[PDB]
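# Chains, contacts and geometry: an overview
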Amino acid sequence: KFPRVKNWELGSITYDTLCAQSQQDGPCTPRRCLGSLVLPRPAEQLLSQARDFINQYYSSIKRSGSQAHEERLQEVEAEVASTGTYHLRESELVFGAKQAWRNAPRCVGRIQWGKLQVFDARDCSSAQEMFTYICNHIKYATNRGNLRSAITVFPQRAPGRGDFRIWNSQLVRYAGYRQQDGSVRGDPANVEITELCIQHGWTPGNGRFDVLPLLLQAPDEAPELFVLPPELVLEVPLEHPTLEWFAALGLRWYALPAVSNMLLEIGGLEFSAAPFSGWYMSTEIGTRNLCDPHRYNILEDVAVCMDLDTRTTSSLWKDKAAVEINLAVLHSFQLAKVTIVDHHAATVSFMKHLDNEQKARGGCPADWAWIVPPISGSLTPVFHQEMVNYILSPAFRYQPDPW
Amino acid sequence: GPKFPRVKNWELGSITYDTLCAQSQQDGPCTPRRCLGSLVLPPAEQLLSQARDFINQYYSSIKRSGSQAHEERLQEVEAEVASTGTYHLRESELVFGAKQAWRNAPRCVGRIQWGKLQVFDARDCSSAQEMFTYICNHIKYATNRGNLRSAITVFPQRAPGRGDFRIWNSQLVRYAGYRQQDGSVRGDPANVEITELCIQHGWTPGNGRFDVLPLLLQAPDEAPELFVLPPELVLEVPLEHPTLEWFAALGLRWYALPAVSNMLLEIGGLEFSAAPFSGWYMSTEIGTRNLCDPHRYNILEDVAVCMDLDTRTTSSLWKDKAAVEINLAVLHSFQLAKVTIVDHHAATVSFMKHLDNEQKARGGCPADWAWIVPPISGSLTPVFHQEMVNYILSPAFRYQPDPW
Ligand code: HEM
Ligand code: HEM
Ligand SMILES: Cc1cc(N)nc(CCc2cccc([C@H](N)Cc3cc(C)cc(N)n3)c2)c1
Ligand SMILES: Cc1cc(N)nc(CCc2cccc([C@H](N)Cc3cc(C)cc(N)n3)c2)c1
Ligand SMILES: C[C@H](O)[C@H](O)[C@H]1CNc2nc(N)[nH]c(=O)c2N1
Ligand SMILES: C[C@H](O)[C@H](O)[C@H]1CNc2nc(N)[nH]c(=O)c2N1
Ligand SMILES: [Zn+2]
C-alpha cells in the first residue's frame, strides 16, 4: 500500500510511492515499531545492485537505453563474471555519493544534496596518503569559514583483504580524558578513541578541548597516528551577545562537522573510508554537545551564571539556559564569519526539500525523530509533518568500530 | 542473544529487552519495507477469542489463572456469547480493563499514575439527559476544586442493531472556534467543526476567544441533544507571568481539566463508544501546542513583540524565547491558582520510572517516542535519550470516526 502522508498544520496530503524502490528491510514489523532505535538490531546479488545502480545513473543523465548504457552494463557484467567485483567510473562515483546523501533519512540538510564536492582518493595506498587526502579535504571544506560540502572516497573493500578505515568517528573531535575520580575532562563521547590514541603513542594534553589526532589504517596494518596542523582546524570561541560572563566559561567548538566512520554503499560496492562534511546546525553544538548530560553537560553552570532557581524544574531553568547557549553558538559563529544554520532556517529548508522530492521522485525517506530538532520541536514546521522512513541505495551505513 | 528487541538508553548506556511486545494481537502500520511510526492516524468466534484473552488477563492480575472461578467465568462468557452474540463485564473486570487500557496507551506520558484511576460505572445510563448528569458528576469529582483526580466514566457498550452512546465533542471542555467573514478564526481553530455543529443544533454562540462549548450528547438511535455546562463547574486559570507584568493583560486563559470524550475503550472485544476520561495537564500541552501552534491560538509573534525580540530573523531565537516564557506563565498561573499541573521535566522523569516499573512487572512498555518526547526542550528531558518499542495491546483506547 502506498502510504498517505499528511502535514497537520496545513492539512496537505501526499502519497509516498518512492518507498516501493526500497530493497532493504528496516527494523519494523507489523507487530511492533522500532523506528526510535538508533542502531538496526552470491555474485548474482552484487550484479543486480550494480545493474540497478547503473540504470539509476543513465536515467540521471537522460541516456537510458543508449549505446553507452548498454555497453556499460556489459562492462560491469564482464567484470563481475571474471573477478567477483567491479569498479565505478569517477562520474558514477560522483552521482552515487550525491544520491547517498539525498537518500539519508536522518539528514535535515538535504536541500543541499546536489552541491557536493567529491574527491576521488581511490588511488590511495597508505595511511600517509590518506592523511594528505584528509588534509586537503579539511582545507577545501573549511574555506576560511565559508564552508563547503565535500566527500573524499577511499578505496573500496575487496574480498581478499582488510579495509581502509579512519578509526576516528569524525575528523575533528575533542579528547575526553577519564579521571581516577571517575569523571571525564573534555568530551565524554570520545574517551575510548582518546585512550586508543594515547596507546598508539600520542602525547595527551589535559584541556577540555584538545583536538585529537587521526588514527588512519591501510589494509591489514596497524593504524597510524597523524596530528592535524592546528591551522587546518578552525575553531570558534563562544561568547553571548548580551551576557559578558558567558565568554569567561572558555567554551568553544570546531567549524567542521566531518563524519569519518560511515560506510558508503554504491551499486553494491562498499567504501569503508569515505569521510564527508557540510556545516553545523546550531542545535547540534548548543543543545546536544554542550547540554546533553553525557556530554559537556554545562546546563547547571550556565543556569547558575544566569542566577536562575535551579532547585525546581518548574522554573524552567533548563529551558532558559539551553536557549541562551544556542544563542551564543549562533552569535559566535556569525561574528567569526563561519557558516552555521539555525534550526528554524534548517527545517524550513527541509520542508522545501520534501516538496522538491515529491515532484521529482514521489517521496523522501525521513526519520522524524532525527529531523525534528532537540529544542523547540513543535515550533518548527517538521514537527507537524508526517514522514515515512525506508532505505534507498546508494546509502551511508553505520559500521562497527575496527578494533 | 534474546530475539526480542533490545532497547537502549543512550544517556545512561543501559539495555533491556521488551518481551511484552509478544503479547500484541493487533498489527500497527509499519513493515520491514517502511516505517510509519510518525503518522498520527493510520463478530462471532473473533469476540470469543478476545474475551477469553481478556478474562485470562483478569485472572492473572488477581493470581488465579487455572483456578475454578477462572474456568467458570470462561464458561459463563462463551455461554452468554453463544446465546446472545455478546457478553457483559463484571464490575471489577471493568475497573481492571479501564486501568489496563490507560496503562497500555503508547502515547500517554502520565502512565506512572495508571493504578490510581477512579472508574465510574455508568452502564445503567438510558438517556442523553442522564449522560449529562454523569458527565457533570465526573467533572465535579475530577476537578475537585483544583486538586485534580484521574477518572473515567463508562457508558453502555456498543450493542448489535441498537445505536451507540456517543459524546460528539472530542473533549469535555473545549473553546469555541468562530470562522470569520475574512477567513481567520476567533477562538480555537481546532474546534471550528464542532462549533458549527453546536450552532446548527441550536446553540446560541458567543464571540470571544475563550467561549466554553456545550456538549452534544447522543443516546441510542436519537439525534444528539445539547447541554450547557454550568460555568461554575468549569474551572479555568487566567494566565499571568511571574515577572513580565504585561502578560496578564493579554487575557489568555486555559481550563483545568483535560478530558477526552471521543475515544473508544475496548475491553475483551466489547466496545465502549462513550467513555470519557480525564487526568491533569502537562504544561507543554497548553503553553506550547495549544497557545503556540501556527494552526491553534498562534500567539508566539504577539508575545515576542511584547518581549521586544527581533522577529524579522530566525537566528534571534525569538520563537524559542517566547515559547519558554509562555510555558512558564502556564506553570506559574496554575500553581498560583492551586490547580494541578506537571511540567515536562517532572512528567518525563516520572515516565522513566514507570518504564523501569513496567520492565520488572511486564517485561516492557509500549511507547510512542514522537508523542512521549515533549514539543519543547526535547533532549533536555531524559525520554529523548531512551529508545522505545511501540505496539498495540488490549484493552485499549482507540480513535473512532466522528459520529456525523
Ligand atoms: C550542508 C549542510 C548539512 C547540514 C546542515 C546537515 C545537517 C544534519 C543534521 C543536523 C544531522 C543530524 C546530526 C546529529 O544529530 O548528530 C545530519 C545527519 C546526517 N547528515 Fe547531514 N547535513 C549537512 C550535510 C551533509 C552531507 C554533506 C552529508 C553527506 C555527504 C550528510 C549526511 C548526513 C548523514 C549520513 C547523517 C546521519 C548521521 C548518522 O546517522 O549518525 N549531511 N545532517
Ligand atoms: C494523570 C495525568 C495525566 C497526564 C499528565 C497525561 C499526559 C498525557 C499527555 C501529555 C498526552 C499527550 C496528549 C497530546 O499531545 O495532546 C497524553 C495522551 C494520552 N493519555 Fe494521558 N495523561 C494523564 C492521564 C491519563 C488518563 C487518566 C488517561 C486515560 C485513562 C490517559 C490516556 C491517554 C491517552 C489515550 C492518550 C492518547 C490520546 C490521543 O491519541 O489523542 N492519560 N497523556
Ligand atoms: C555532515 C554533518 C552535518 C552536520 N550538521 N552534522 C553532522 C553530525 C554528524 C554526527 C556527529 C557526531 C555523532 C553522530 C552520530 N550520533 C553518530 C552515530 C552513532 C551511532 C551509534 C549510530 C549512528 N547512526 N550515528 C553524527 C554531520
Ligand atoms: C487524559 C488526558 C490528559 C492530558 N494531560 N492530556 C490529554 C490530551 C488530550 C487531547 C486533546 C486534544 C487533542 C488530542 C489529540 N491531538 C486528538 C487526536 C486526533 C487524532 C486525529 C488522533 C489522535 N490519536 N488524537 C488529545 C488527555
Ligand atoms: C533514542 C533516540 O532515537 C535517540 O536519542 C535519537 C533521537 N533523535 C536524534 N536526533 C538527532 N538529530 N540526533 C540524535 O542523536 C538523536 N538521537
Ligand atoms: C506528524 C507528527 O506525528 C505529529 O505532529 C505528532 C508529533 N508528536 C506529537 N506528540 C504529542 N504528544 N501530541 C501530538 O499531537 C503530536 N503530534
Ligand atoms: Zn516503525
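Residues numbered from 1 in each chain as written, not as in the entry; some residues may be left out. Chains lettered and ligands numbered in written order. Heavy atoms only, no water.

## Things to note about the overall build of chain B
Looking only at helices and strands, chain B features 10 helices and 16 strands. What you see for chain B is a C-alpha radius of gyration of 23 Å, in line with the 22 Å of a compact globule of 404 residues. Projecting the C-alpha coordinates of chain B onto the three principal axes gives extents of approximately 70 × 60 × 40 Å. For chain B, the proportion of its 404 residues judged to be buried stands at 52%. Summing over all exposed atoms, chain B offers an accessible surface of approximately 17200 Å²; the carbon and sulfur share of this is 51%. Distance from the positive charge centre (37 side chains) to the negative charge centre (44 side chains) of chain B: 6 Å. (Helix = DSSP H or I, 4+ residues; strand = E, 2+ residues; numbered from the N terminus. Rg over C-alpha atoms; globule rule 2.2 N^0.38 Å. Buried < 20%, exposed > 50% of the residue type's maximum accessible area, 1.4 Å probe, protein only. Areas by Shrake-Rupley, 256 points an atom, 1.4 Å probe, with all protein chains shown as cover. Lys, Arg positive; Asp, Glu negative; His and termini not counted. Charge placed at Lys NZ, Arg CZ, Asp CG, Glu CD.)

## Some details on the site of ligand 4
In the vicinity of ligand 4, the contacting residues are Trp 8 of chain A together with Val 40, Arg 107, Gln 171, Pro 258, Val 260, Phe 277, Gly 279, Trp 280, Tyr 281, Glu 285 and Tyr 399 of chain B. Near ligand 4, residues from chains A and B are present, making the site a shared one. Contacts to ligand 4 include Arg 107 of chain B, whose side-chain N or O atom sits 3.3 Å from a nitrogen atom. Between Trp 280 of chain B and ligand 4, the recorded distance is 2.9 Å, taken from a backbone N or O atom to a nitrogen atom. In the complex, 65% of the free accessible area of ligand 4, which totals 630 Å², lies under the protein chains. A breakdown of the residues in the shell around ligand 4 according to their chemical character gives 8 nonpolar, 2 polar and 2 charged. Formed jointly, the shell around ligand 4 draws a minimum of three residues from each of two domains, domain 1 (18–123 + 150–160 + 264–278 + 348–372) and domain 3 (236–258 + 281–346) of chain B. (Near = heavy atom within 4 Å. Polar contact = N/O pair within 3.5 Å; in protein donor to acceptor, adjacent residues only side chain to side chain. Nonpolar A, V, L, I, M, F, W, Y, C, P; charged D, E, K, R; others polar. Domains from an automatic or database assignment.)

## Section: the domain arrangement of chain A
Residue and element names in this part refer to chain A. Taken domain by domain, chain A comprises domain 1 (16–122 + 149–159 + 263–277 + 347–371), domain 2 (123–148 + 163–234 + 398–402) and domain 3 (235–257 + 280–345). For domain 1 and domain 2, the distance between their C-alpha centroids amounts to 27 Å. Taken together, the 19 residues of domain 1 in the interface contact 17 residues of domain 2. At the boundary of domain 1 with domain 2, total buried surface from both sides reaches about 1500 Å², with 63% on carbon and sulfur atoms. When the buried surface of domain 1 facing domain 2 is broken down by residue, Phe 154, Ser 272 and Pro 275 rank first, second and third, together holding 28% of it. If you look at where domain 1 meets domain 2, you find 1 salt bridge. For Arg 157, the salt bridge goes to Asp 163, with nearest N and O atoms at 2.6 Å. Between domain 1 and domain 2 we count 8 residue pairs in polar contact in total. Within the residue set of the side of domain 1 that touches domain 2, elements represented by two or more residues are β3 (117–120), β4 (150–153) and β15 (276–277). Tallied by class, the residues present in the side of domain 1 that touches domain 2 amount to 11 nonpolar, 5 polar and 3 charged. (Contact = heavy atoms within 4.5 Å. Buried area = accessible area lost by both parts, 1.4 Å probe. Salt bridge = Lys/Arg side-chain N within 4 Å of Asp/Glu carboxyl O.)

## Here's the deal with the coordination of the iron atom of ligand 1
For a metal with four tetrahedral donors the ideal donor-metal-donor angle is 109.5 degrees, whereas six octahedral donors ideally subtend 90 or 180 degrees. Protein coordination of the iron atom of ligand 1 rests on one atom only, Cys 107 of chain A (SG), at 2.4 Å. Take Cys 107 of chain A: it is sitting in the loop between α3 (90–103) and β3. (Donors = N, O, S within 2.8 Å, 3.2 Å for Na, K, Ca; no water.)

## Let's talk about unusual backbone geometry
Only a minority of non-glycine residues have a phi that is not negative, and only a minority of peptide bonds are not trans. Cis geometry is found at the peptide bond from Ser 393 of chain A to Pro 394 of chain A, where omega equals 0°. As for its position among the elements, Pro 394 of chain A is in the loop between α11 (368–371) and β16 (395–397). Even without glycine at this site, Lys 337 of chain A takes up a positive phi of about 60°. Structurally, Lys 337 of chain A can be placed in the loop between α9 (317–335) and α10 (343–361). Phi at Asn 144 of chain B takes a positive value of approximately 55°, unusual for a residue other than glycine. Locating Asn 144 of chain B in the fold gives a position in the loop between α4 (128–143) and β4 (151–154). A residue is classified by how much of its surface remains accessible, and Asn 144 of chain B, at 22% relative accessible area, is partly exposed.

## Comments concerning the interface of chain A and chain B
Facing 64 residues of chain A, the contacting portion of chain B comprises 64 residues. Across the interface of chain A and chain B, roughly 5500 Å² is buried in total on both sides, 61% from carbon and sulfur atoms. Counting across the interface, chain A meets chain B through 28 residue pairs in polar contact. Those elements that provide at least two residues to the side of chain A that touches chain B are α7 (282–291), α9, α10 and α11 of chain A.

## Details of the site of ligand 1
All names here are of chain A. Around ligand 1 there are 16 residues in total, and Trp 101, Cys 107, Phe 276, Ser 277 and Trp 279 lie nearest to it. For the shell around ligand 1, the class distribution of residues is 10 nonpolar, 4 polar and 2 charged. Here the shell around ligand 1 gathers at least three residues from each of two domains, domain 1 (16–122 + 149–159 + 263–277 + 347–371) and domain 3 (235–257 + 280–345).

## Quick word on the environment of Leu 330 of chain A
Residue placement: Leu 330 of chain A occurs in helix α9. Sequence separation between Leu 330 of chain A and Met 281 of chain A is 49 residues, and the spatial gap between their C-alpha atoms is 9.1 Å. Excluding residues within four positions of it along the chain, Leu 330 of chain A makes contact with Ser 282, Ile 340 and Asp 342 of chain A together with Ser 315 and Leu 317 of chain B.

## Describing the sheet that holds strand β14 (residues 270–272) of chain B
Residues and elements named next belong to chain B. The 3 strands lie next to each other as β14-β13-β16, forming an open sheet whose pairing is antiparallel. The open sheet terminates on both sides in strands that have one partner only, identified here as β14 and β16 (396–398). Neighbour-to-neighbour, the strand axes of the sheet open up by a mean angle of 30°, direction not taken into account. Bridge count for strand β13 (residues 264–267) against β16 is 3 bridges, and the pairing is antiparallel. (Pairing = 2+ DSSP bridges. Axes fitted to C-alpha atoms, helices over the stretch in contact; angles between N-to-C directions.)

## Examining the nonpolar core
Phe 155 and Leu 217 of chain B are the most contacted members of the largest nonpolar core, which has 58 residues in total. Sorting the residues of this core by element identifies α4, β8 (215–218), β11 (253–255), α6 (283–292), α7 (300–306) and α8 (318–336) of chain B as the ones contributing at least two each. Tallying contributions element by element places α8 of chain B first for this core, with 9 residues. If near-sequence neighbours (up to four positions away) are discounted, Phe 155 of chain B is found in contact with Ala 122, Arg 123, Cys 125, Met 131, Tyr 134, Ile 135, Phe 165, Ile 167, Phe 272, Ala 274 and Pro 276 of chain B. Formed by 57 residues, the second largest nonpolar core is a distinct cluster that contains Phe 164, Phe 226, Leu 251 and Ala 321 of chain A. (Core = buried A, V, L, I, M, F, W, Y, C linked by side-chain atoms within 4.5 Å.)

## Observations regarding the coordination of the iron atom of ligand 2
Of all protein atoms, just one serves as a donor to the iron atom of ligand 2, and that atom is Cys 108 of chain B (SG), at 2.3 Å. Position of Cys 108 of chain B among the secondary structure elements: in the loop between α3 (91–103) and β3 (118–121).

## Re the packing of aromatic side chains
Applying the stated criterion across every chain, the model contains 35 aromatic pairs over all chains. Relative to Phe 210 of chain B, the ring of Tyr 175 of chain B has its centre 5.2 Å away and its plane inclined at 85°; by these criteria the two rings are edge-to-face. One end of the pair, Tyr 175 of chain B, is in the loop between β5 (166–167) and β6 (177–179); the other, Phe 210 of chain B, is in the loop between α5 (192–200) and β8, with 35 residues separating them in the sequence. By the burial criterion, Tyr 175 of chain B is buried, and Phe 210 of chain B matches it. One aromatic cluster is present, built from ring pairs that chain together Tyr 174, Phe 209, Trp 253, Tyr 254, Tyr 280 and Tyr 296 of chain A. Geometry around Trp 8 of chain A places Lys 6 of chain A over its ring, the cationic atom sitting 3.8 Å from the centre. (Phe/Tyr/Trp six-rings, centres within 6.5 Å; stacked < 30°, edge-to-face > 60°. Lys NZ or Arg CZ within 6 Å of the ring centre and 35° of its normal.)

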